[PDB]
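Undergrad: Starting off with a structure, shown below.
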Amino acid sequence: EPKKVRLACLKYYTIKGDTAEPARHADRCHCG
Amino acid sequence: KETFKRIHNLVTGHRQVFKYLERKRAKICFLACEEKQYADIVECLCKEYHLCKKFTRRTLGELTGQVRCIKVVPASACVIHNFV
Amino acid sequence: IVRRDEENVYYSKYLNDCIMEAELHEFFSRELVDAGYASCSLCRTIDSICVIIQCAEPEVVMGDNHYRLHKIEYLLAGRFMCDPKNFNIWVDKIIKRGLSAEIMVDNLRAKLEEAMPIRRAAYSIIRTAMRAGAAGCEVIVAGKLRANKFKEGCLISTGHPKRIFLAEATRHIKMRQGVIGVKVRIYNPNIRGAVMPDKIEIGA
Amino acid sequence: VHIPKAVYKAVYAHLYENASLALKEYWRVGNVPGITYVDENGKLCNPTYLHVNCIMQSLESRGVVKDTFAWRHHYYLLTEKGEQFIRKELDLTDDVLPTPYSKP
Amino acid sequence: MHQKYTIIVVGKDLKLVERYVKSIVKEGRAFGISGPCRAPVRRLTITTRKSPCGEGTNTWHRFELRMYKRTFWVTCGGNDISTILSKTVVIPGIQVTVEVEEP
Amino acid sequence: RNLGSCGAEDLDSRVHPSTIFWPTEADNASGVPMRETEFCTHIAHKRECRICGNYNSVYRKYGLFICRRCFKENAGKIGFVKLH
Ligand SMILES: [Zn+2]
């Protein structure tokens with residue numbers, strides 16, 4: 001029964017809309 | 001307003017607009033809101049890449065299929081990926 | 001001299017089509033009751049089956065330009081996986097309705113469910129048959145009301161002639177208190193101009 | 001439960017074009033040999049029995065079609081209300097009419 | 001032209017299956033169609049208890065279904081595919097009396 | 001677990017990929033491959049009367065697949081006749 005957190009605007013890995021990205025070990029969307 | 005209903009038969013949400021604004025899969029953009037960090041993100045991402053702003057945030061809830069008929073819900077979005 | 005596994009296809013091909021039909025009889029009974037369906041058949045065509053039916057009210061089965069019949073036509077196709085269009089149902093009509101057990105039993109069942117009691121319906125049915133040229137009928141109604149029978153004239157109930165002359169039918173009625181088992185039997189000794197045994201004549 | 005929209009549209013279209021769905025009583029794992037759908041799969045992929053069974057149940061419960069069961073085969077048939085509702089989901093116009101009306 | 005065609009008649013009822021051949025041979029009066037081989041009857045058999053619950057004296061139903069069949073391979077190529085259709089039309093229409101033609 | 005496995009020396013003991021010999025009877029369901037992992041992984045024939053969904057007392061002779069009890073009701077139409 002895992003829980004969830006309110007979504008925040010963290011995907012912005014930059015400092016001025018520089019789209020840096022399109023976390024322990026590696027992982028990709030889905031399982032591959 | 002008229003044929004848009006044909007299209008819905010498009011996306012809404014930050015997690016699904018970004019995922020279609022970039023990679024140039026999008027179409028047209030219509031901003032809104034509450035916080036700049038959600039206004040000057042896309043707009044700046046609109047600065048790179050179409051970019052438009054619709055007068056009201058509610059009609060998006062209306063134009064889109066976020067209702068059941070009676071309970072329109074606001075929802076800013078800017079990705080017309082389908083555009084069939 | 002001959003191989004016994006070649007003709008097995010022809011033998012097995014004829015048996016499958018027999019069952020392919022009984023399902024049709026069941027389905028029609030569950031659906032085209034409104035037109036009082038009686039019986040069906042089959043005729044494997046080059047690319048389809050020429051099923052013909054017999055229903056007292058032909059008009060009810062078909063619709064506007066047979067529209068609902070066309071509707072049914074496609075349905076069967078998918079169920080049996082045959083090409084549509086090639087399907088070609090045919091519709092027939094029964095003349096002496098007072099000589100068939102099934103239409104009478106269905107009408108009687110409907111009447112019973114019209115709040116009218118057993119006696120009036122049974123006597124209406126027997127009158128309808130006798131006025132339609134029948135030696136005799138017999139109406140039996142069993143359920144939560146025992147068995148209350150009604151009969152008019154002479155019937156046979158034993159021997160080979162029974163299966164060909166006597167025609168019987170049965171139904172079930174779902175009434176609030178329970179189930180009303182109802183059946184009917186009619187004995188026509190002039191069917192298809194067949195001479196009943198031990199029936200003789202001498203002349204001058 | 002998470003039934004794809006492509007399946008919804010495929011079933012609606014198949015129903016209206018044929019006016020008749022001849023379905024088998026089943027509740028285990030297996031796809032339907034008839035209706036079909038494509039989702040960037042490269043080859044039209046058939047639907048699953050659970051999905052179509054739930055969809056049919058919802059539709060009939062809503063009064064769009066009626067059914068007989070016979071033995072081992074749900075036979076369905078869409079009513080006038082059926083033609084009046086599918087055309088909306090397929091996004092059709094009232095002029096169009098089911099195929100069977102065209103001399104089967 | 002010539003195809004070494006075959007005629008096969010399969011059915012259950014002895015009455016029609018015997019009357020239909022008479023019409024066929026009439027139609028083949030001049031095309032040389034001749035006697036048919038009558039195969040041994042395939043008497044399928046099934047037995048079952050008469051009681052759904054198995055009470056009382058053990059009794060048994062005995063139903064059987066026969067499969068009469070006849071073959072008119074006589075035509076062979078003696079007739080043309082043109083009138084092989086003619087062979088298949090002038091014949092009466094019996095509701096159930098399956099038939100098939102092969103070379 | 002898609003990035004794991006056992007020792008190679010053990011892999012030699014893998015069951016022969018030769019298809020299993022225990023199929024399921026289909027009288028006429030397309031053969032296609034969470035709870036889905038084991039909803040009905042166990043594989044076994046399910047021959048049953050094609051009239052009543054009952055798996056008990058079914059004749060397989062001549063490819064009928066009819067319950068013995070439900071046989072009497074429809075035998076008259078199916079063609080079987082009671083003589084001798
Ligand atoms: Zn059964």
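The way I read the labels, and the way they are meant: chains A, B, ... in the order of the structure tokens, residue 1 as the first residue of every chain, and ligand 1 as the first ligand shown, with later ones counted on from there.
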Could you pull out the residues in chain E that DSSP calls helix (DSSP H, G or I) from the backbone, as a PyMOL selection string?
TA: chain E and resi 14-27+81-87
Undergrad: Output N, CA and C atoms of each residue in that selection to a file, as a PDB file, in the first residue's frame.
TA:
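Below is the file part25.pdb, written as the result:
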ATOM      1  N   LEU E  14     -34.377 -43.318 -45.073  1.00  0.00           N
ATOM      2  CA  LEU E  14     -34.361 -44.266 -46.173  1.00  0.00           C
ATOM      3  C   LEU E  14     -35.345 -43.889 -47.272  1.00  0.00           C
ATOM      4  N   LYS E  15     -36.442 -43.211 -46.932  1.00  0.00           N
ATOM      5  CA  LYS E  15     -37.475 -42.932 -47.922  1.00  0.00           C
ATOM      6  C   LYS E  15     -36.978 -41.943 -48.968  1.00  0.00           C
ATOM      7  N   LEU E  16     -36.609 -40.738 -48.532  1.00  0.00           N
ATOM      8  CA  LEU E  16     -36.140 -39.723 -49.470  1.00  0.00           C
ATOM      9  C   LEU E  16     -34.865 -40.166 -50.164  1.00  0.00           C
ATOM     10  N   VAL E  17     -33.920 -40.704 -49.396  1.00  0.00           N
ATOM     11  CA  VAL E  17     -32.629 -41.084 -49.950  1.00  0.00           C
ATOM     12  C   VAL E  17     -32.793 -42.124 -51.047  1.00  0.00           C
ATOM     13  N   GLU E  18     -33.895 -42.873 -51.034  1.00  0.00           N
ATOM     14  CA  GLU E  18     -34.145 -43.845 -52.093  1.00  0.00           C
ATOM     15  C   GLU E  18     -34.953 -43.240 -53.233  1.00  0.00           C
ATOM     16  N   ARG E  19     -35.820 -42.277 -52.929  1.00  0.00           N
ATOM     17  CA  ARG E  19     -36.591 -41.620 -53.977  1.00  0.00           C
ATOM     18  C   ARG E  19     -35.726 -40.658 -54.781  1.00  0.00           C
ATOM     19  N   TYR E  20     -34.796 -39.979 -54.113  1.00  0.00           N
ATOM     20  CA  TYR E  20     -33.965 -38.981 -54.777  1.00  0.00           C
ATOM     21  C   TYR E  20     -33.080 -39.616 -55.847  1.00  0.00           C
ATOM     22  N   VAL E  21     -32.555 -40.811 -55.572  1.00  0.00           N
ATOM     23  CA  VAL E  21     -31.713 -41.494 -56.551  1.00  0.00           C
ATOM     24  C   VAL E  21     -32.497 -41.782 -57.817  1.00  0.00           C
ATOM     25  N   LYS E  22     -33.786 -42.081 -57.681  1.00  0.00           N
ATOM     26  CA  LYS E  22     -34.594 -42.391 -58.850  1.00  0.00           C
ATOM     27  C   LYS E  22     -34.669 -41.181 -59.777  1.00  0.00           C
ATOM     28  N   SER E  23     -34.872 -39.994 -59.204  1.00  0.00           N
ATOM     29  CA  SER E  23     -34.844 -38.775 -60.001  1.00  0.00           C
ATOM     30  C   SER E  23     -33.470 -38.540 -60.610  1.00  0.00           C
ATOM     31  N   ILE E  24     -32.408 -38.775 -59.838  1.00  0.00           N
ATOM     32  CA  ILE E  24     -31.068 -38.568 -60.377  1.00  0.00           C
ATOM     33  C   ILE E  24     -30.852 -39.446 -61.601  1.00  0.00           C
ATOM     34  N   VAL E  25     -31.190 -40.728 -61.487  1.00  0.00           N
ATOM     35  CA  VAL E  25     -30.969 -41.646 -62.598  1.00  0.00           C
ATOM     36  C   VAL E  25     -31.845 -41.264 -63.782  1.00  0.00           C
ATOM     37  N   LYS E  26     -33.049 -40.750 -63.516  1.00  0.00           N
ATOM     38  CA  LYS E  26     -33.842 -40.180 -64.600  1.00  0.00           C
ATOM     39  C   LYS E  26     -33.055 -39.098 -65.318  1.00  0.00           C
ATOM     40  N   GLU E  27     -32.466 -38.182 -64.554  1.00  0.00           N
ATOM     41  CA  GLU E  27     -31.768 -37.061 -65.169  1.00  0.00           C
ATOM     42  C   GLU E  27     -30.528 -37.530 -65.915  1.00  0.00           C
ATOM     43  N   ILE E  81     -18.515 -29.949 -67.214  1.00  0.00           N
ATOM     44  CA  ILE E  81     -18.831 -29.062 -66.102  1.00  0.00           C
ATOM     45  C   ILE E  81     -19.978 -28.133 -66.460  1.00  0.00           C
ATOM     46  N   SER E  82     -20.216 -27.920 -67.755  1.00  0.00           N
ATOM     47  CA  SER E  82     -21.332 -27.087 -68.182  1.00  0.00           C
ATOM     48  C   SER E  82     -22.658 -27.652 -67.689  1.00  0.00           C
ATOM     49  N   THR E  83     -22.902 -28.939 -67.938  1.00  0.00           N
ATOM     50  CA  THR E  83     -24.140 -29.578 -67.517  1.00  0.00           C
ATOM     51  C   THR E  83     -24.019 -30.285 -66.175  1.00  0.00           C
ATOM     52  N   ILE E  84     -22.816 -30.364 -65.600  1.00  0.00           N
ATOM     53  CA  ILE E  84     -22.703 -30.766 -64.202  1.00  0.00           C
ATOM     54  C   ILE E  84     -23.510 -29.816 -63.331  1.00  0.00           C
ATOM     55  N   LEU E  85     -23.500 -28.528 -63.676  1.00  0.00           N
ATOM     56  CA  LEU E  85     -24.442 -27.600 -63.067  1.00  0.00           C
ATOM     57  C   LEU E  85     -25.870 -27.989 -63.420  1.00  0.00           C
ATOM     58  N   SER E  86     -26.105 -28.343 -64.686  1.00  0.00           N
ATOM     59  CA  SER E  86     -27.420 -28.834 -65.086  1.00  0.00           C
ATOM     60  C   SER E  86     -27.774 -30.101 -64.325  1.00  0.00           C
ATOM     61  N   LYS E  87     -26.772 -30.932 -64.040  1.00  0.00           N
ATOM     62  CA  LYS E  87     -26.995 -32.109 -63.211  1.00  0.00           C
ATOM     63  C   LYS E  87     -27.477 -31.725 -61.820  1.00  0.00           C
TER      64      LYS E  87
END
Undergrad: If we count only C-alpha atoms, what is near segment 5-11 of chain E at a cut-off of 8 Å, once residues fewer than 6 positions away on the same chain are taken out, given as a PyMOL selection string?
TA: (chain C and resi 10-11+14) or (chain E and resi 17+67-77+96-103)
Undergrad: Distance limit 9 Å, reference ligand 1, atoms considered: only C-alpha atoms and all ligand atoms. Which residues make the cut? Give them as a PyMOL selection string.
TA: chain F and resi 48-54+57-58+65-71
Undergrad: Output C-alpha atoms for every residue in the selection just made, as a PDB file, in the first residue's frame.
TA:
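Contents of result11.pdb, as written:
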ATOM      1  CA  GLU F  48     -17.820 -29.753 -21.065  1.00  0.00           C
ATOM      2  CA  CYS F  49     -21.304 -30.127 -22.464  1.00  0.00           C
ATOM      3  CA  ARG F  50     -21.771 -27.543 -25.186  1.00  0.00           C
ATOM      4  CA  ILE F  51     -25.267 -26.975 -23.755  1.00  0.00           C
ATOM      5  CA  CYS F  52     -24.813 -26.911 -19.981  1.00  0.00           C
ATOM      6  CA  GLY F  53     -21.538 -25.767 -18.477  1.00  0.00           C
ATOM      7  CA  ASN F  54     -21.053 -29.090 -16.699  1.00  0.00           C
ATOM      8  CA  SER F  57     -20.568 -37.252 -17.737  1.00  0.00           C
ATOM      9  CA  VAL F  58     -19.849 -35.973 -21.245  1.00  0.00           C
ATOM     10  CA  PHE F  65     -19.579 -33.374 -26.325  1.00  0.00           C
ATOM     11  CA  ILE F  66     -23.090 -33.534 -24.863  1.00  0.00           C
ATOM     12  CA  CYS F  67     -24.039 -34.234 -21.262  1.00  0.00           C
ATOM     13  CA  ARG F  68     -25.796 -37.564 -20.859  1.00  0.00           C
ATOM     14  CA  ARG F  69     -28.715 -35.947 -19.029  1.00  0.00           C
ATOM     15  CA  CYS F  70     -29.132 -33.130 -21.553  1.00  0.00           C
ATOM     16  CA  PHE F  71     -28.869 -35.700 -24.354  1.00  0.00           C
TER      17      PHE F  71
END
Undergrad: May I ask you to extract the residues of chain A within 9 Å of chain B, using only C-alpha atoms, and to give them as a PyMOL selection string?
TA: chain A and resi 9+12+16-19+22
Undergrad: Which residues of chain D are close to chain C, meaning at most 12 Å apart when you count only C-alpha atoms, and how do they look as an mmCIF file with C-alpha atoms, in the first residue's frame?
TA:
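The file below, part.cif, is the result:
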data_model
loop_
_atom_site.group_PDB
_atom_site.id
_atom_site.type_symbol
_atom_site.label_atom_id
_atom_site.label_comp_id
_atom_site.auth_asym_id
_atom_site.auth_seq_id
_atom_site.Cartn_x
_atom_site.Cartn_y
_atom_site.Cartn_z
ATOM 1 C CA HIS D 14 -18.309 -3.518 -35.412
ATOM 2 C CA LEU D 15 -21.692 -3.407 -33.701
ATOM 3 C CA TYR D 16 -23.129 -0.640 -35.854
ATOM 4 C CA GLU D 17 -21.778 -2.069 -39.107
ATOM 5 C CA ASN D 18 -23.114 -5.536 -38.266
ATOM 6 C CA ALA D 19 -25.933 -4.473 -35.916
ATOM 7 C CA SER D 20 -25.235 -7.819 -34.230
ATOM 8 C CA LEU D 21 -22.633 -9.135 -31.803
ATOM 9 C CA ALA D 22 -22.542 -12.938 -31.485
ATOM 10 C CA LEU D 23 -20.500 -13.491 -28.345
ATOM 11 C CA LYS D 24 -19.440 -16.563 -26.402
ATOM 12 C CA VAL D 32 -11.859 -12.754 -29.378
ATOM 13 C CA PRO D 33 -11.347 -14.018 -32.964
ATOM 14 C CA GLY D 34 -13.681 -11.355 -34.380
ATOM 15 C CA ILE D 35 -13.362 -7.709 -33.396
ATOM 16 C CA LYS D 66 -30.923 -6.324 -25.654
ATOM 17 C CA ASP D 67 -29.778 -9.921 -25.586
ATOM 18 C CA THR D 68 -30.711 -13.560 -25.716
ATOM 19 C CA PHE D 69 -28.431 -16.249 -24.327
ATOM 20 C CA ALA D 70 -29.511 -19.478 -26.068
ATOM 21 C CA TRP D 71 -26.874 -21.957 -24.830
ATOM 22 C CA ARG D 72 -23.206 -20.985 -24.612
ATOM 23 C CA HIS D 73 -23.486 -17.843 -26.727
ATOM 24 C CA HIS D 74 -24.704 -14.365 -25.813
ATOM 25 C CA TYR D 75 -26.548 -12.995 -28.837
ATOM 26 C CA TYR D 76 -26.931 -9.211 -28.703
ATOM 27 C CA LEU D 77 -28.977 -6.760 -30.733
ATOM 28 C CA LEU D 78 -28.933 -2.966 -30.599
ATOM 29 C CA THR D 79 -32.175 -1.022 -30.236
ATOM 30 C CA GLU D 80 -33.140 2.352 -31.693
ATOM 31 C CA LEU D 97 -27.515 3.701 -41.474
ATOM 32 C CA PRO D 98 -26.533 0.145 -40.532
ATOM 33 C CA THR D 99 -25.413 -2.114 -43.349
ATOM 34 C CA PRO D 100 -28.168 -4.759 -42.978
ATOM 35 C CA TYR D 101 -30.727 -2.255 -44.227
ATOM 36 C CA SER D 102 -28.935 -2.513 -47.593
ATOM 37 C CA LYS D 103 -30.290 -5.811 -48.938
ATOM 38 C CA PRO D 104 -28.265 -8.513 -47.105
#
Undergrad: If we count only C-alpha atoms, what is near residue 169 of chain C at a cut-off of 12 Å, once residues fewer than 4 positions away on the same chain are taken out, given as a list in words?
TA: residues 38, 100, 101, 102, 103, 104, 105, 106, 108, 109, 137, 138, 139, 140, 181, 182, 183, 184, 185 and 186 of chain C
Undergrad: Within 8 Å of chain E, which residues belong to chain F? Use only C-alpha atoms and report them as a count of residues only.
TA: 8
Undergrad: If we count only C-alpha atoms and set the cut-off at 12 Å, which residues sit around residue 195 of chain C, ignoring sequence neighbours fewer than 6 positions away in its own chain? Please answer as JSON, numbers by chain.
TA: {"C": [161, 164, 165, 188, 189, 201]}
Undergrad: Report, in Å to a single decimal, how far apart atom CA of residue 196 of chain C and atom CA of residue 77 of chain F are.
TA: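 So the answer is 24.6 Å.
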Undergrad: Counting only C-alpha atoms, what is within 7 Å of residue 75 of chain B, bar same-chain residues fewer than 4 positions away, as a list in words?
TA: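 Once the nearby chain positions are removed, what remains is residues 12, 57, 60 and 61 of chain B.
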Undergrad: Any chance you could export the current selection's C-alpha atoms as a PDB file, in the first residue's frame?
TA:
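Written out: result23.pdb:
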ATOM      1  CA  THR B  12      -4.420  18.144 -20.217  1.00  0.00           C
ATOM      2  CA  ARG B  57      -8.606  29.021 -18.078  1.00  0.00           C
ATOM      3  CA  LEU B  60     -10.319  24.652 -21.435  1.00  0.00           C
ATOM      4  CA  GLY B  61     -12.190  22.664 -18.823  1.00  0.00           C
TER       5      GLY B  61
END
Undergrad: Residues near segment 27-32 of chain A, anyone? I mean within 10 Å using only C-alpha atoms, not counting same-chain ones fewer than 4 positions away, as a list in words.
TA: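 After dropping sequence-adjacent residues, the list is residues 23 of chain A; 1 and 2 of chain F.
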Undergrad: According to DSSP computed on the backbone, where in chain F is there strand (DSSP E or B)? Give the residues as a VMD selection string.
TA: chain F and resid 30 58 to 59 66 to 67 81 to 82
Undergrad: Got time to write the residues from that selection, N, CA, C and O atoms, as an mmCIF file, in the first residue's frame?
TA:
data_model
loop_
_atom_site.group_PDB
_atom_site.id
_atom_site.type_symbol
_atom_site.label_atom_id
_atom_site.label_comp_id
_atom_site.auth_asym_id
_atom_site.auth_seq_id
_atom_site.Cartn_x
_atom_site.Cartn_y
_atom_site.Cartn_z
ATOM 1 N N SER F 30 -9.124 -17.078 -29.143
ATOM 2 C CA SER F 30 -7.863 -17.076 -29.871
ATOM 3 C C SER F 30 -6.728 -17.424 -28.920
ATOM 4 O O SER F 30 -6.612 -16.834 -27.841
ATOM 5 N N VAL F 58 -19.781 -36.510 -19.894
ATOM 6 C CA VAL F 58 -19.849 -35.973 -21.245
ATOM 7 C C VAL F 58 -19.372 -37.041 -22.215
ATOM 8 O O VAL F 58 -18.309 -37.640 -22.014
ATOM 9 N N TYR F 59 -20.156 -37.281 -23.259
ATOM 10 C CA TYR F 59 -19.735 -38.180 -24.318
ATOM 11 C C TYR F 59 -18.847 -37.454 -25.313
ATOM 12 O O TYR F 59 -19.205 -36.396 -25.837
ATOM 13 N N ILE F 66 -21.777 -33.816 -25.424
ATOM 14 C CA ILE F 66 -23.090 -33.534 -24.863
ATOM 15 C C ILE F 66 -23.229 -34.284 -23.549
ATOM 16 O O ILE F 66 -22.887 -35.468 -23.463
ATOM 17 N N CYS F 67 -23.730 -33.592 -22.530
ATOM 18 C CA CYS F 67 -24.039 -34.234 -21.262
ATOM 19 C C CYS F 67 -25.054 -35.348 -21.466
ATOM 20 O O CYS F 67 -25.979 -35.234 -22.273
ATOM 21 N N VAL F 81 -33.114 -41.654 -32.854
ATOM 22 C CA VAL F 81 -34.466 -42.159 -32.677
ATOM 23 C C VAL F 81 -34.406 -43.434 -31.851
ATOM 24 O O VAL F 81 -33.440 -44.198 -31.934
ATOM 25 N N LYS F 82 -35.445 -43.657 -31.054
ATOM 26 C CA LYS F 82 -35.492 -44.751 -30.089
ATOM 27 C C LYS F 82 -36.330 -45.882 -30.678
ATOM 28 O O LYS F 82 -37.557 -45.891 -30.579
#
Undergrad: State, in Å with one decimal place, the distance from atom CA of residue 89 of chain C to atom CA of residue 83 of chain D.
TA: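 Atom CA of residue 89 of chain C sits 24.4 Å away from atom CA of residue 83 of chain D.
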Undergrad: Restricting the calculation to only C-alpha atoms: of C:202, C:32, C:43, C:154, which residue gets closest to residue 166 of chain C?
TA: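 Distance minimum relative to residue 166 of chain C lands on C:154.
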Undergrad: Against chain D, which residues of chain B fall within 12 Å? For each one I want the closest pair of atoms and the distance in Å (one decimal), counting only C-alpha atoms, rows by chain and increasing residue number, as a Markdown table.
TA:
| residue | atom | partner | partner_atom | distance |
| --- | --- | --- | --- | --- |
| B:3 | CA | D:91 | CA | 10.9 |
| B:4 | CA | D:91 | CA | 11.9 |
| B:5 | CA | D:91 | CA | 9.1 |
| B:6 | CA | D:91 | CA | 7.0 |
| B:7 | CA | D:91 | CA | 9.9 |
| B:8 | CA | D:91 | CA | 10.1 |
| B:9 | CA | D:91 | CA | 6.9 |
Undergrad: Would you save the residues of that selection, restricted to N, CA, C and O atoms, as a CSV table (one decimal), in the first residue's frame?
TA:
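Here's the written file selection-v7.csv:
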chain,number,residue,atom,x,y,z
B,3,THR,N,-15.9,22.2,-33.7
B,3,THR,CA,-15.3,20.9,-34.1
B,3,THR,C,-14.3,20.3,-33.2
B,3,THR,O,-13.9,19.2,-33.3
B,4,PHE,N,-14.0,21.1,-32.1
B,4,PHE,CA,-13.0,20.6,-31.1
B,4,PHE,C,-13.6,19.3,-30.6
B,4,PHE,O,-12.8,18.3,-30.4
B,5,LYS,N,-14.9,19.2,-30.4
B,5,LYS,CA,-15.5,17.9,-29.9
B,5,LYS,C,-15.1,16.8,-30.8
B,5,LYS,O,-15.0,15.6,-30.3
B,6,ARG,N,-15.0,17.0,-32.1
B,6,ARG,CA,-14.5,16.0,-33.0
B,6,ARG,C,-13.1,15.5,-32.6
B,6,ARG,O,-12.8,14.3,-32.6
B,7,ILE,N,-12.2,16.4,-32.2
B,7,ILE,CA,-10.9,16.0,-31.8
B,7,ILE,C,-10.9,15.1,-30.6
B,7,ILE,O,-10.2,14.0,-30.6
B,8,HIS,N,-11.7,15.5,-29.6
B,8,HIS,CA,-11.6,14.8,-28.4
B,8,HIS,C,-12.2,13.3,-28.5
B,8,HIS,O,-11.9,12.5,-27.7
B,9,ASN,N,-13.0,13.1,-29.6
B,9,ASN,CA,-13.6,11.8,-29.8
B,9,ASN,C,-12.7,10.9,-30.5
B,9,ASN,O,-12.7,9.7,-30.3
Undergrad: I'd like the neighbourhood of residue 59 of chain B as a list in words, where a residue qualifies if any of its atoms comes within 12 Å (using only C-alpha atoms), though same-chain residues fewer than 6 positions away should be ignored.
TA: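 The filter keeps residues 1, 4, 30, 31, 32, 65, 66, 67, 72, 73, 74, 75, 76 and 77 of chain B.
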